[PDB]
RNA sequence: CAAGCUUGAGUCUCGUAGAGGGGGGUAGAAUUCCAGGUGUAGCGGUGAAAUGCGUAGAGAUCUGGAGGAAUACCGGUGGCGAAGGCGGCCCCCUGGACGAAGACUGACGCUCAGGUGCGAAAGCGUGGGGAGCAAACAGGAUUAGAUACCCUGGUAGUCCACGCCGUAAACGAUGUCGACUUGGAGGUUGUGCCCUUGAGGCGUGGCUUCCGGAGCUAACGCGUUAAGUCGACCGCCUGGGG
Ligand SMILES: [Mg+2]
Ligand SMILES: [Mg+2]
Ligand SMILES: [Mg+2]
Ligand SMILES: [Mg+2]
Ligand SMILES: [Mg+2]
Ligand SMILES: [Mg+2]
Ligand SMILES: [Mg+2]
Ligand SMILES: [Mg+2]
Ligand SMILES: [Mg+2]
Ligand SMILES: [Mg+2]
Ligand SMILES: [Mg+2]
Ligand SMILES: [Mg+2]
Ligand SMILES: [Mg+2]
Ligand SMILES: [Mg+2]
Ligand SMILES: [Mg+2]
Ligand SMILES: [Mg+2]
Ligand SMILES: [Mg+2]
Ligand SMILES: [Mg+2]
């Protein structure tokens, strides 16, 4: 199934970057939920964390710096 | 936001019981305490036309509770407005 | 869309890999949609029809997947 | 606050008063007052050098401290007073040691605040410290041009100076005019922005309202005879000539700066 | 009495003074009657994009419980501290310890 | 909110018959039971029940003859917005007496035929045909 | 009128989801400009072209800097708000909604003429700011003309603070509040049981999308979020122009 974050019922943090790197493309764009399969409740948490990881320079804004 | 400590003090003050939350005096007292709290907010953020609309629901609701109390029991009305301070 | 050409291989396959990157990353399409400014109404209207006709295709499929034709 | 007067008289319709209730309503501080005599625009030769000056109301000079050469020793604001010689209100300041002084009043300074000067000072409005310690990109008034000179930039009501960059021993400043300058990094700079920013929104309203500020009437060149002004002449409102100053030099476009010794410090000219 | 998740980076040339700077920030909060729950010093890491320069950095994690006034004052100390770049402040989920 | 409970009782019955249901329920009152105690012996409705102790729920058992229903049409006349009282001499007649009209005389709730036979007039509650 | 009652209405406890509002900061991408380094003769634009920029060395490319505005991907017939409307991240002030289990007041209710408050965009006033777009305007084209569509430029304006303005196809062209009346396929947000067998299965709550039954009606169509069967108030309509 697409049960990845729905199994781990929690909040998604920005300091676990290995989990976050699964849900971004090669260029750094957030992957739409039509592909990953995560439900809408955790998509927003997953999206917000990435926007926090980018600020702390843990993830790249684009693939050209 | 009327933190639980402030709420729990007023109910025990005005209420007949320690669990008599919901009487007109304790409802009007809780509405009064929050309105006086919101004066310091709207005295600086004058362009909060959204939060002000929620304060006018508290002002009107308190007004309805006073009229019902006055029509029912005048003696209980005259003490409550005196303890709180309003109607002018 | 950075590509690193591997040990030799053919330049055509390296080119075909670079083209796939632009197709998959939407580099071509975003430039066209942002070349001119259309009003916010047109953006809301176009998404309305796009979703309505997408769902209408699904609702019109059930009227032909069981009805004999010839 | 600005208030519009009521049109009870023809000469009171168009009056806007800038009134601050916080100003001290009594007499100034006695030891910080000197005599100040008017001149009327006459130099030692007795001839009027600058025109349209004369009369007014008698004023007494107030010794406003510009250097602020007191490291440490924090001071408190006693009151804010009206200074006739300036556009900005002044502030009487009492130091913990005991001395009293007059300083310029920043916008965010009330009666009771604590300020000080020196490198050790903290970054708050009204405090003074050399540029090397002020963060780049800050708003600053009472800038010095030479270390120890005293302070000449951003002294009027509501003005300020931006610190754009820092290069070696020099600091680049964006001035209120629009100019960019390079002043030494060791010039002191009071931190903040000058107060009394309502000074603009003040219409005098009548002819005599400017006569008691010391401004005499201004006769236009076209209204004179040909001997008295290059415009002059005419039989029924003729001009026919390029505008000029009353001494022949051309106004309305012609530049006049010529220094050649301070052109090193001008990054870019006025916008 | 709020919870926070301060995370800031010191730029690597002054990374030798981080322990002598950590103690000062927790000195005020403890001195202002506030608790500290984590001190995860991530060490010298590498940015995903240069901060105008300076491809490396030195990361710190705090997770401090303190009154809001101290944190308001602690925020401006990071602003004027030259060695500190891109301070961050967060909120509740009170007690945490993970993700070194 | 609701300002007339009587038209509620009629509407529950009218909707029930049209929807072809067996029995309807509603909060009960002495006026609702009295009207039910009229339709029942006029043949329009079978037995009713007033079960309940603090929240009484008047239940009516509807009636049918064929694929169609019994109650042809039942409408409220003296609505709270406009109340109607009629004298004995000019009590109405529903379908030339084919149907019944419920009136509330000073002696109780009775059909218009039973009020003329008693010499009375009262508020006209409804026309049941 | 008096005394009750609990269903309507409301308060308290716990919790959840949100571009709901005000204020203050900080990022990264991109456009424009400025100062320089390489370097050549084209660049730009169109249906075609010309105006325009360029050997005074442009366009292209690299380094540094200054400014203003808006927030790619997430993004969704998704969410919130009375309506207008609301979209980077963080902070501190604040409103509303919903759900589980109970206590509490006990008709405290619905609608509302005159009033009062909010109210897109353009527009007005006084200060700022001005990158990009761009009414007006100028030139180049097409044209029989072209005060237009097309091209190269370009000021008010769009941005901020405080005041006016008070109108829109301000539109689900559908007033608010209650009651009842067969069904399906979904979206979003709570919850209490088993099979915490791990996915799951059983139901109950709140908003919301599409299709359709009776019924409604001029027909289109609406159809439990009615335009169906009904109650309580309010606003409006009475042939087309003028
Ligand atoms: Mg409340
Ligand atoms: Mg003049
Ligand atoms: Mg003459
Ligand atoms: Mg002459
Ligand atoms: Mg003449
Ligand atoms: Mg002439
Ligand atoms: Mg009205
Ligand atoms: Mg506007
Ligand atoms: Mg304007
Ligand atoms: Mg202007
Ligand atoms: Mg144009
Ligand atoms: Mg209208
Ligand atoms: Mg009109
Ligand atoms: Mg609209
Ligand atoms: Mg619409
Ligand atoms: Mg309309
Ligand atoms: Mg209303
Ligand atoms: Mg339908």
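For the stretch D:129-232, which strands (runs of 3 or more DSSP E) that fit wholly inside it have 1 or more residues that are within 14 Å of RNA strand G (Cβ to nearest atom)?
Details: elements: D:139-143, D:161-167, D:170-174, D:180-184, D:188-191.
Counting at least 1 such residues, we get D:139-143, D:161-167, D:170-174, D:180-184.
Tell me the residue from B:3, B:60, B:51 that is within 10 Å of RNA strand G (Cβ to nearest atom) and within 14 Å of chain E (Cβ to nearest Cβ), please. Steps first, please.
On the way: B:60 fails: within 14 Å of chain E (Cβ to nearest Cβ); B:51 fails: within 14 Å of chain E (Cβ to nearest Cβ).
After applying the criteria, what remains is B:3.
Answer with yes or no whether residue D:227 is more than 16 Å from ligand 5 (Cβ to nearest atom) and surrounded by 10 or more Cβ atoms within 10 Å (Cβ to Cβ).
On the way: more than 16 Å from ligand 5 (Cβ to nearest atom): yes; surrounded by 10 or more Cβ atoms within 10 Å (Cβ to Cβ): no.
No.
Name the residue, out of D:56, D:26, D:46, D:41, that is more than 22 Å from the chain's Cα centre (by Cα) and under 24 Å from residue D:219 (Cα atoms). It would help to see each step written out before you state the result.
Details: D:56 fails: more than 22 Å from the chain's Cα centre (by Cα); D:26 fails: under 24 Å from residue D:219 (Cα atoms); D:41 fails: more than 22 Å from the chain's Cα centre (by Cα).
Only one candidate qualifies: D:46.
Give me the residue from the stretch E:76-98 that is surrounded by 12 or more Cβ atoms within 10 Å (Cβ to Cβ) and at the interface with another protein chain (Cβ under 9 Å from one of its Cβ atoms) and, out of that set, farthest from residue E:8 (Cα to Cα).
Looking only at the stretch E:76-98, we keep the residues that are surrounded by 12 or more Cβ atoms within 10 Å (Cβ to Cβ), and these are E:77-78, E:81, E:83-90, E:93, E:96.
Pick out the ones that are also at the interface with another protein chain (Cβ under 9 Å from one of its Cβ atoms) and you get E:86, E:88, E:90, E:93, E:96.
Working: E:86: 6, E:88: 6, E:90: 12, E:93: 19, E:96: 18 Å.
Among those that are surrounded by 12 or more Cβ atoms within 10 Å (Cβ to Cβ) and at the interface with another protein chain (Cβ under 9 Å from one of its Cβ atoms), it is E:93.
With the checklist (1) within 14 Å of chain A (Cβ to nearest Cβ); (2) more than 19 Å from residue E:38 (Cβ to Cβ); (3) touching a residue at least 12 places away in the same chain (Cβ under 8 Å) in hand, flag the one item residue E:73 doesn't pass.
Condition not satisfied by residue E:73: (1).
Would it be correct to say that residue D:267 is outside the structural domain of residue D:90 (by CATH), touching a residue at least 12 places away in the same chain (Cβ under 8 Å) and over 30 Å from residue D:170 (Cα atoms)? Don't jump to the end; show me each part of the working.
On the way: outside the structural domain of residue D:90 (by CATH): yes; touching a residue at least 12 places away in the same chain (Cβ under 8 Å): yes; over 30 Å from residue D:170 (Cα atoms): no.
In short, no.
When you scan the stretch D:202-215, do you find a residue that is away from ligand 1 (no atom under 16 Å from the Cβ) and farther than 30 Å from residue D:2 by Cβ, even just one?
First, pick out the residues of the stretch D:202-215 that are away from ligand 1 (no atom under 16 Å from the Cβ): D:202-215.
Right, trim to farther than 30 Å from residue D:2 by Cβ and you get none.
The answer is no; no qualifying residue exists.
List the residue pairs whose Cβ atoms are under 9 Å apart, where the first residue sits in the stretch D:218-232 and is within 14 Å of another protein chain (Cβ to nearest Cβ), the second is within 16 Å of ligand 5 (Cβ to nearest atom), and the two are 6 or more positions apart or on different chains.
The qualifying pairs do not exist here.
So which strands (runs of 3 or more DSSP E) stay within the stretch E:1-67 end to end and still have 2 or more residues that are within 13 Å of chain A (Cβ to nearest Cβ) and surrounded by fewer than 16 Cβ atoms within 10 Å (Cβ to Cβ)?
On the way: elements: E:7-10, E:43-46, E:56-61, E:64-66.
Because the criterion is at least 2 residues that are within 13 Å of chain A (Cβ to nearest Cβ) and surrounded by fewer than 16 Cβ atoms within 10 Å (Cβ to Cβ), the strands (runs of 3 or more DSSP E) in the stretch E:1-67 that meet it are E:43-46.
I'd like to check something: does the stretch F:113-123 contain any residue that is in a strand (DSSP E or B) and either closer than 24 Å to residue F:3 by Cα or in the same structural domain as residue F:1 (by CATH) (or both)? Please lay out each step first, then the result.
Quick first cut of the stretch F:113-123, residues in a strand (DSSP E or B) only: F:123.
Okay, now just the ones that are also either closer than 24 Å to residue F:3 by Cα or in the same structural domain as residue F:1 (by CATH) (or both), so F:123.
Yes: one or more hits.
Of all the residues that make up the stretch A:27-53, how many are within 14 Å of chain E (Cβ to nearest Cβ) and either on the phi > 0 side of the Ramachandran plot or more than 11 Å from the chain's Cα centre (by Cα) (or both)? Explain how you work it out, then say what you get.
Just the residues of the stretch A:27-53 that are within 14 Å of chain E (Cβ to nearest Cβ), to begin with: A:27-28, A:45, A:48-53.
Still in the list and also either on the phi > 0 side of the Ramachandran plot or more than 11 Å from the chain's Cα centre (by Cα) (or both): A:27-28.
Residues flagged as within 14 Å of chain E (Cβ to nearest Cβ) and either on the phi > 0 side of the Ramachandran plot or more than 11 Å from the chain's Cα centre (by Cα) (or both) within the stretch A:27-53 amount to 2.
Look through the stretch A:55-65, keep the residues that are more than 11 Å from the chain's Cα centre (by Cα) and buried (at least 17 other Cβ atoms within 10 Å of the Cβ), and return whichever of them is nearest to the other protein chains (Cβ to nearest Cβ).
Start the filter on the stretch A:55-65 by keeping residues that are more than 11 Å from the chain's Cα centre (by Cα), which leaves A:55-58, A:60-65.
Right, trim to buried (at least 17 other Cβ atoms within 10 Å of the Cβ) and you get A:56-58.
Values: A:56: 6, A:57: 4, A:58: 6 Å.
Among them, the one singled out is A:57.
Tell me, please, whether a residue that is in contact (Cβ under 8 Å) with a residue 40 or more places away in the chain, surrounded by 13 or more Cβ atoms within 10 Å (Cβ to Cβ) and more than 12 Å from chain E (Cβ to nearest Cβ) can be found in the stretch A:1-23.
yes
Identify, from the list D:131, D:180, D:200, the residue that is away from ligand 5 (no atom under 16 Å from the Cβ), within 21 Å of the chain's Cα centre (by Cα) and farther than 30 Å from residue D:6 by Cα.
Working: D:131 fails: within 21 Å of the chain's Cα centre (by Cα); D:200 fails: farther than 30 Å from residue D:6 by Cα.
Among D:131, D:180, D:200, only D:180 is away from ligand 5 (no atom under 16 Å from the Cβ), within 21 Å of the chain's Cα centre (by Cα) and farther than 30 Å from residue D:6 by Cα.
Please determine, by comparing only the residues of the stretch F:82-122 that are on the phi < 0 side of the Ramachandran plot and in contact (Cβ under 8 Å) with a residue 40 or more places away in the chain, which one is surrounded by the most Cβ atoms within 10 Å (Cβ to Cβ).
My answer is F:102.
Numbers and lists here come from the model and the stated rules, or from a named source; no laboratory instrument gave them. Every residue, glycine as well, gets a Cβ built from its backbone with ideal geometry; the counts of neighbours run over all protein chains shown.
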